[PDB]
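Here is the structure we will look at.
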Amino acid sequence: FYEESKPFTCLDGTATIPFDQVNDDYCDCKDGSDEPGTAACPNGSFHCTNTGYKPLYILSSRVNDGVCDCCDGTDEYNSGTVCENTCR
Ligand SMILES: [Ca+2]
Ligand SMILES: [Ca+2]
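If you want the authors' numbering, it's the 1-based position in the sequence shown plus 29.
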């Protein structure tokens with residue numbers, strides 16, 4: 030058996046971490062590139078896929094803040110606010 034855990038490198042080259050530190054809700058990269066799906070980095074961005082319509086990027090601090098930022102509502106996945114799809 031071959032152990033592939035080839036690690037993640039921050040898009041800014043500042044650190045190399047295992048992929049278990051990617052979206053682990055703690056900021057490990059100065060550019061925020063290890064936490065695209067959480068609110069952990071102060072300078073990160075969350076991608077609103079908005080399937081079928083124009084995609085948007087929001088501040089990471091708006092992920093699970095209880096406010097509906099993406100028209101698809103995907104920024105609110107564990108906050109208690111259930112967002113409706115308003116892309117149309
Ligand atoms: Ca992390
Ligand atoms: Ca939000």
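Note that CB positions come from ideal geometry on N, CA and C, so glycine has one too.
**Prompt:** How many angstroms separate the CA atom of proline 84 from the CA atom of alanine 68?
**Reply:** 19 angstroms
**Asked** Can you name, in chain order, every residue of its own chain whose Cβ lies under 6 angstroms from the Cβ of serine 108, other than the five neighbours on each side?
**Response** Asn93 and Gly95
**Item:** For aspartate 60 and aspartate 41, believed in contact at Cβ under 8 angstroms, the rounded distance
**Value:** 4 angstroms
**Message:** My assumption, with CB atoms under 8 angstroms, is that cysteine 70 sits in contact with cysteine 99. Please give the rounded CB distance.
**Reply:** Contact between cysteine 70 and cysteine 99 does not hold, since the beta-carbon distance rounds to 18 angstroms and is not under 8 angstroms.
**Message:** Can you tell me whether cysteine 39 sits near ligand 1, meaning its C-beta is under 7 angstroms from at least one heavy atom of the ligand?
**Reply:** no
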